[PDB]
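Read the single chain below, which is given as structure tokens and is the form deposited in one PDB entry.
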């Protein structure tokens, strides 16, 4: 393991920079040359590979997004195209490749191990979802959660007092963890998530039942996987008279400085990824499982929901 490349792919999440920083610093410290791949897997095809120094990642740990960029490269689903990406690494004597992204970007990394015995591949879970296997939390999740806390606190403060209701759309993809954790933290009366059978009657039953009993504003937190905020406002107007503040949080949830948890967590995994490449291991995602740093094969990853925590959220509301 004498040369390592690293790349960022998929949705950008807070701590991607810290993770890169960790990989670069760890590698150079172990006398490995490191190459920054720009623009996700698009970069990989464009031969947008550049050698990185210790200074390349100064003043980054606190930075939102990724300083190598990210892309969608839907063409990376093809053997023939991926051939051109492996050559670009092959020709340059790169033996290890580190991928920081979601479960989609992992699949790309799994392929490269399958289609090139010469390149070791490791995955680092840079995503907001908490959707990734073999890790309890992903790098981005804790930051997003607070971003939602904050923006909710701001909708509250910038609102008319006539507003009884806050139908708030939170980002995950197919995973209701964000909305459950965010819902709990802003003390939301309803939480709508793809994992629990959603009773709109019951939710309107509740809003009518406790506001009009003297509640300032109820807030409903909604997982994008489950439905849109406007959908929830539509479906709730089917029982009850409410249209008060359909706030569609969106891509702001992806931005902002990583919180402490993500910087630390990113750094540990960024390091670990480098250790495992030197150990000669491959085709694994790294993570934190039961407060323990671990590696899980891309096999096991592609072959979570705490209903307890959800029930508690509802105990705490009424």
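Positions refer to the first chain, counted from 1. Each form is matched to the other, and the largest set of C-alpha atoms that superpose within 1.5 Å is called the rigid core.
There is another form of this protein, the form deposited in another entry, and it is not shown here; the text below is about that form.
Visitor: If you fit the rigid core and then compare C-alpha positions between this form and the one not shown, only one of 72, 92, 156, 83 moves by 2 Å or more. Name it.
Guide: Correct option: 156.
Visitor: Following rigid core alignment, is the displacement of the residue 211 C-alpha between this form and the one not shown equal to or greater than 2 angstroms?
Guide: Residue 211 C-alpha, core-superposed: shift of 2 Å or more.
Visitor: Quick one: residue 212 and residue 247 C-alpha atoms, closer or farther in the other form compared with this form (3 angstroms or more)?
Guide: It is farther: in the other form, the C-alpha atoms of residue 212 and residue 247 lie at least 3 Å more apart than they do here.
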